[PDB]
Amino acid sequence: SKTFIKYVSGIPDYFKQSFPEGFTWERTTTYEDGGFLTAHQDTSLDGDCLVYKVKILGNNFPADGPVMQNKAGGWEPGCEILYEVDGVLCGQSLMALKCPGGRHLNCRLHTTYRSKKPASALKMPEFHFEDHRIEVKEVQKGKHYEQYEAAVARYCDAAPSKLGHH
């Protein structure tokens, strides 16, 4: 849900720029224990309502793993790197799933974000980071959930350059 990001430091907002046309994204997440989760998403603006359409194909998750055993404890906060490739915006991230016994299971997200707007109408951002926090509440077992997310797009201010780079 990439429309909801706070941008700092004069970084152009690829997603908000994409309206009214909207955008798509496509991702494969590769899990360290062999699972794959692939998704395609369409984002459109319908009046005063954003509309998401998602397609999912997941496979090879180990039967004994935290995913198939339904014993996962949510995600740690994450950091995504984003930069231009082939005139579109690519995203790369590692995430860590909380597991029983204070353990983590890691995975890698390979994303391409595609504006439905022509290149001529878009300001492409420079290399930058997006900090994400996703928090989930299971309201009814396997049936009803609530999800909260916070996201910020930024440069690396925490570790400063000595060449005056971002």
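All residue numbers are counted from 1 along the displayed sequence.
The deposited model assigns a higher average Cα B-factor to 130-138 than to the other stretch when 130-138 and 38-46 are compared. The stretch 145-153 shows the higher mean C-alpha B-factor when 21-29 is compared against 145-153 in the entry.
Ranked by Cα temperature factor within the chain, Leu57 sits in the lowest third according to the deposited record.
The deposited CA B-factor of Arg103 belongs to the highest third of values across its chain. In the PDB entry, a CA B factor belonging to the middle third of its chain's modelled residues is recorded for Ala63. Ranked within its chain, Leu109 lands in the lowest third, by CA B factor from the PDB record. For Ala72, the recorded CA B-factor ranks within the highest third of the chain. Only modelled residues enter the ranking.
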